[PDB]
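Here is how the chains run, residue by residue.
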Amino acid sequence: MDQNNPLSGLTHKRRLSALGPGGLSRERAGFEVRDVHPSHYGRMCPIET
DNA sequence: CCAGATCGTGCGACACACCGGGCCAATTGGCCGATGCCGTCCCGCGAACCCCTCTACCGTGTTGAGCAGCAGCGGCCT
């Protein structure tokens, strides 16, 4: 857990990660899975990454 | 004006300067010689330490991209 301050701890939760066991690895993602789809509106923040 | 500080000079004392004598104190420091406790070693036995061996109802299966070489096949050529 990341405990610099209340905001950092809260933002450690509410995090969606696309890489891990069963996901896609860091070096393999193209440039289409790293884009802001127009369906992100209200489901995933386009600024905070 | 003239009298003590400074110094000259003088007499003595005198603290040693000598360089040579003639004995001594302190203080030895060696181990001398004699006595005694510890290191080393050679067993002595025993606890453990590691290796080898055998047991016979029977039981039968584990991403993308780039570049290059090989196998199968269409189709001439004889």
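As stated in the entry header, the method of structure determination is cryo-EM and the reported resolution is 3.18 Å.

For chain A, the PDB entry supplies the name DNA-directed RNA polymerase subunit beta and the organism Streptomyces venezuelae. The deposited PDB record carries the title "Streptomyces venezuelae RNAP transcription open promoter complex with WhiA and WhiB transcription factors".

A. Focus on the overall build of chain A. From N to C terminus, chain A includes one helix and zero strands. When its C-alpha atoms are laid out on the principal axes, chain A stretches across 35 × 25 × 15 Å. Counting every position in chain A, which comprises 49 residues, the buried fraction comes to 6%. For chain A, the exposed area adds up to about 5100 Å²; of that, 55% sits on carbon and sulfur atoms.

B. Geometry of the layout of surface pockets. Of the pockets and cavities examined, the largest pocket occupies roughly 550 Å³. Residue lining of the largest pocket: 19 residues in total, with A18, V33, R34, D35 and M44 positioned closest to the centre. One number sums up the size of the second largest pocket: a volume of about 470 Å³. What lines the second largest pocket is a set of 13 residues, among which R14, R15, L16, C45 and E48 lie closest to the centre.

C. Local environment of a nonpolar patch on the surface. Residues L19, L24 and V33 make up a contiguous nonpolar surface patch of about 250 Å² in total accessible area. Along the chain, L24 falls in the segment after α1 (6-12). Owing to a relative accessible area of 36%, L24 belongs among the partly exposed residues under this scheme.

Conventions used here
- Residues numbered from 1 in each chain as written, not as in the entry; some residues may be left out.
- Chains lettered and ligands numbered in written order.
- Part of a larger assembly, values for the part shown.
- Heavy atoms only, no water.
- Helix = DSSP H or I, 4+ residues; strand = E, 2+ residues; numbered from the N terminus.
- Buried < 20%, exposed > 50% of the residue type's maximum accessible area, 1.4 Å probe, protein only.
- Areas by Shrake-Rupley, 256 points an atom, 1.4 Å probe, with all protein chains shown as cover.
- 1 Å grid on protein atoms, 1.4 Å probe; cavity = no way out; pocket = protein on both sides within 12 Å on 5 of 7 lines; lining within 4 Å.
- Points joined across faces, edges and corners; volume = space filled by probe spheres on them.
- Patch = residues over 30% accessible without salt bridge, like charges linked within 9 Å, V, L, I, M, F, W, Y side chains within 5 Å.
- Salt bridge = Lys/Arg side-chain N within 4 Å of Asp/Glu carboxyl O.

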